[PDB]
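Structure, as C-alpha cells:
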Amino acid sequence: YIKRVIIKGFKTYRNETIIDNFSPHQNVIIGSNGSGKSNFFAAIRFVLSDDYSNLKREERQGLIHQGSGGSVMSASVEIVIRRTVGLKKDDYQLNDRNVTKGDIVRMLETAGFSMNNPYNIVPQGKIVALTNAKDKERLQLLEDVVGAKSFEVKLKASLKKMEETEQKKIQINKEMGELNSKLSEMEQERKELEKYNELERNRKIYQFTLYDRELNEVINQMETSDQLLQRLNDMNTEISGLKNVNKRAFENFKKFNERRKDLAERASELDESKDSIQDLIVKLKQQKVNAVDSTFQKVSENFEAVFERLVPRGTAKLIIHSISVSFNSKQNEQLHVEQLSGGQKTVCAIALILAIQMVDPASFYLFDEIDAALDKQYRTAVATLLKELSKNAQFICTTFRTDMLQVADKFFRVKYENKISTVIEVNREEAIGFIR
Amino acid sequence: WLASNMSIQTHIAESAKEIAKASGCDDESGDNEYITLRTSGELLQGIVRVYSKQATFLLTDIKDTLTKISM
Ligand SMILES: Nc1ncnc2c1ncn2[C@@H]1O[C@H](COP(=O)(O)OP(=O)(O)OP(O)(O)=S)[C@@H](O)[C@H]1O
Ligand SMILES: [Mg+2]
C-alpha cells in the first residue's frame, strides 16, 4: 500500500516518467550505473522525508534537473502527493487539493512513521561505512532511534537559560530589599501620623476636660488637676515640634505595603517553582536512560535472533558500557568485531540495522544497493529474510547482485539515454539483464 | 492540556509534576501517550521559557513600582 509515482523534471528524469504502478511488499529496482537509481530514491524521501527542507540556492537548484537550463522552474513529483518546485520557494503542490509542509508534518506522525524514522532508509554504502563505524557510533545509532540526543540538545540548552534566568532572580532579589527598605521608611512615616493623631486628641481632651474641670469650680466659687496642667504642653510641645505634614501616610502605606506583599509572594513563588523544574529535570534525565536501556534490550534481543538467521552457523550478542558486538561465525571460537573480515563485518551491519529498523517498524523502507559488498554465502540468507520481512511492510531495494531477484516480488529497470533516464518494468529477462 | 505547548502567564510547579505523571512519579508506569521524549524535551523547554519570562516580568514590576513611589 504505496500508491502511484510519476515524475516531471527531477534530476536525470528529464521530462515525464509515468512508468510506475505498484502495490505492497518486495518491489525491486535496477538499471545502469548512475542511471538515476539512487536519484530515484532521492525522488522518494524527497517527498516523504524532510531531508529536503531549508537549504537555499545551489542546493535547491541542483534538485530541479539542471540540463542546459531549460525550464529550470518546473520540477514535479507524484506519489499518493505532488511536490513541484521552481526557482525560489515554489513549494508543495500538496495532493491535488493543496496544503502545507507543517500539515503532513502532523500527518506522518499520525500515520506513520515520520520524518522521525531515521532508519526508514538505508543507503549508502554506509553499510560499509559502518563496518568502519566504531563503539561510540553504535551508541549513537541506538540513541538516534529513541531520538535521545535531539532531546539532549534541548536539555542542556534549557538548562542554560534555566541557570541564566536565575541571575535575574538575584538582580530581582536585590530590588526587593531595596523595596523592603522603601517601606521601612514608609513605616516610621506612619508610626508618626499615628503617634500624632494620638496626641491632637489626647491633648485636645485635656483641653476639654479642663475647659470644664476648672470652669467647673468658677461655676461653684459662686457660693490629677495639676498633673494635667503642664501635661497639656508636653503635647502641644511636640505637634509643633515634630510634624513633617503628610495626610496620606496610612493611605500611601496601605497600598505600597500590599504590593510588597503581593510581590514577595511572587518572588517567593519562583524559588518554589525553580526547585520544581530543577526537580523535573532529574525525573526526566532518569527517563532518558529508561528509554534507552530499554530499547537496548529490544535491540540486542532482536539482533541475535536476526543474526542467528543469517548465520545460523554461529551466534552474536551485544555488550554495552560504550557498546560492543561480541561474535563468532561458527561455534568454534568467539570474540570482538574489530577483528573480522571486511565482508565478515558487513553482515552484522545489516542484521543490526534490521534489528534496529524493526523495533519501531514503519509502514515503509528503502535500501540503496544494500548488497554491494558481502559476497556469496549470505546473499541467499538475506534476500529471503528480507522478503519474509516484506509481508508486513513496504520494501524497495536497489541491487546489482541478482540474489534478491531469484526471490523478488515486482521488478524495475532504469535506462539512461544521454539526457533522459527512464524506469521500465520487466521480469525474468530483467533477471537476465544483470547476468549479462 | 494544550496550556503547555507553544513554548501571558501560568503556574510552574503545577505542571512540573503533570509531566512526572507522563513518566513515573507516584510509581504507576505506564499510561496515556507517554513521553515521546521529543515531546518531553520541547515541553521542558517551554516550561523554562515561561519560568524565565515570569521572573523577568516580576522584576519589571518591582522596578516600575519602586520608582512610582519616588513620586
Ligand atoms: N538534479 C540533477 N540534474 C541533472 N543531473 C543530475 C541531477 N542529480 C544527479 N544527476 C546526475 O546523475 C548522477 C546520479 O545518479 P545516481 O542516482 O547516483 O546513480 P545511482 O542510482 O546512484 O547509480 P549508482 O549505483 O549509485 S553509480 C550524477 O552523477 C549526476 O551526473
Ligand atoms: Mg548508490
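Chain order of the listed sequences is A and B. Mapping of the first sequence onto the deposited numbering: residues 2 to 81, 105 to 247, 973 to 1070, 1108 to 1222, in sequence order. Mapping of the second sequence onto the deposited numbering: residues 25 to 31, 39 to 102, in sequence order. Heads up, the beta-carbon is just placed ideally off N, CA and C, and yes, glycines get one too.
So what does residue i bridge to, in DSSP terms?
i         : result
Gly70/A   : In DSSP, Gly70/A forms no bridge with anything.
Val78/A   : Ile8/A
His26/A   : Answer by DSSP bridge pairing: none, since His26/A is not bridged.
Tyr1151/A : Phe1181/A
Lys996/A  : Paired residues: none, contrary to the question.
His42/B   : The partner list for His42/B (beta bridge, DSSP) is empty, contrary to what the question assumes.
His1070/A : According to DSSP, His1070/A bridges with nothing at all.
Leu1121/A : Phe1113/A
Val146/A  : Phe1153/A
Compare the C-alpha of residue i against each of the options and name the closest.
i         : options                                       : result
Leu1019/A : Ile100/B, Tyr82/B, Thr91/B and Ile50/B        : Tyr82/B
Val123/A  : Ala135/A, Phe137/A, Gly136/A and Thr108/A     : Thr108/A
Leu56/A   : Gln27/A, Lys113/A, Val78/A and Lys219/A       : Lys113/A
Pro142/A  : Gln1117/A, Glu167/A and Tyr2/A                : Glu167/A
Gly110/A  : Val129/A, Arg61/A and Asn204/A                : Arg61/A
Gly72/B   : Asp21/A, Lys178/A and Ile31/A                 : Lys178/A
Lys1173/A : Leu1138/A, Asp1195/A, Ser33/A and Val78/A     : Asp1195/A
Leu97/B   : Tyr53/A, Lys1037/A, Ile196/A and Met1144/A    : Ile196/A
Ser46/B   : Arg69/B, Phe88/B, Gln76/B and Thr67/B         : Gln76/B
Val1111/A : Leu154/A, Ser75/A, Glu241/A and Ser182/A      : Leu154/A
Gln27/A   : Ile1206/A, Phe1181/A and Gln1192/A            : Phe1181/A
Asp1161/A : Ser182/A, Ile1139/A, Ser1127/A and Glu211/A   : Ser1127/A
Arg1165/A : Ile1136/A, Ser24/A and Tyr230/A               : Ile1136/A
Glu213/A  : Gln979/A, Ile1206/A and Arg997/A              : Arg997/A
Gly61/B   : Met1144/A, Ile1221/A, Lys1177/A and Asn1039/A : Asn1039/A
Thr1208/A : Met210/A, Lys1032/A, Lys1004/A and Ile30/A    : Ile30/A
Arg1187/A : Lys1037/A, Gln164/A and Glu1216/A             : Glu1216/A
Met74/A   : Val81/A, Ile3/A, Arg58/A and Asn1006/A        : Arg58/A
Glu987/A  : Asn226/A, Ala1159/A and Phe999/A              : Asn226/A
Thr18/A   : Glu1050/A, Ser77/A and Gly68/A                : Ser77/A
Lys219/A  : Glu199/A, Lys193/A, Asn993/A and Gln979/A     : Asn993/A
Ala44/A   : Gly63/A, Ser33/A and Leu163/A                 : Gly63/A
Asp1189/A : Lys4/A, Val129/A and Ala1169/A                : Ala1169/A
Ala51/B   : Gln1027/A, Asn1118/A and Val1193/A            : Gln1027/A
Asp52/A   : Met139/A, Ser24/A, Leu132/A and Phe23/A       : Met139/A
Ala1179/A : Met1144/A, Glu1211/A, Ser33/A and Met131/A    : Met1144/A
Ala86/B   : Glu161/A, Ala1065/A, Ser205/A and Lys1023/A   : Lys1023/A
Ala1141/A : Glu202/A, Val169/A, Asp120/A and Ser54/A      : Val169/A
Pick helix, strand or coil for residue i, following the three-state DSSP scheme.
i         : result
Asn240/A  : helix
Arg107/A  : coil
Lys1173/A : helix
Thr1184/A : strand
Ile31/A   : strand
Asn141/A  : coil
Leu163/A  : helix
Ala1065/A : strand
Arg15/A   : strand
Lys178/A  : helix
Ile45/A   : helix
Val1200/A : strand
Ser83/B   : helix
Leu68/B   : coil
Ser1110/A : strand
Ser1043/A : helix
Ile1210/A : strand
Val123/A  : coil
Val1031/A : helix
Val1193/A : coil
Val1055/A : helix
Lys52/B   : coil
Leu1126/A : coil
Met984/A  : helix
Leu26/B   : helix
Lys1010/A : helix
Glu218/A  : helix
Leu991/A  : coil
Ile78/B   : helix
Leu1019/A : helix
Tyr116/A  : coil
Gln245/A  : coil
field: Chain-ordered list of residues that sit, by beta carbon, closer than 5 Å to a heavy atom of ligand 2
entry: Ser39/A and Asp1154/A
- prompt: Are the stretch 1144-1153 of chain A and the stretch 145-159 of chain A touching by the rule of at least three beta carbon pairs closer than 8 Å?
  reply: yes
message: Check whether the stretch 1119-1137 of chain A and the stretch 1188-1207 of chain A touch, using three or more Cβ-Cβ pairs below 8 Å as the test.
response: no
message: Across the stretch 976-992 of chain A and the stretch 1010-1019 of chain A, are there enough close Cβ pairs to call them in contact, namely three or more that are closer than 8 Å?
response: no
- request: Indicate whether the contact test is met: 3 or more Cβ pairs, each with one atom in the stretch 12-27 of chain A and one in the stretch 40-49 of chain A, closer than 8 Å.
  value: yes
message: Would you call the stretch 1029-1049 of chain A in contact with the stretch 64-71 of chain B, where contact means no fewer than 3 C-beta pairs closer than 8 Å?
response: yes
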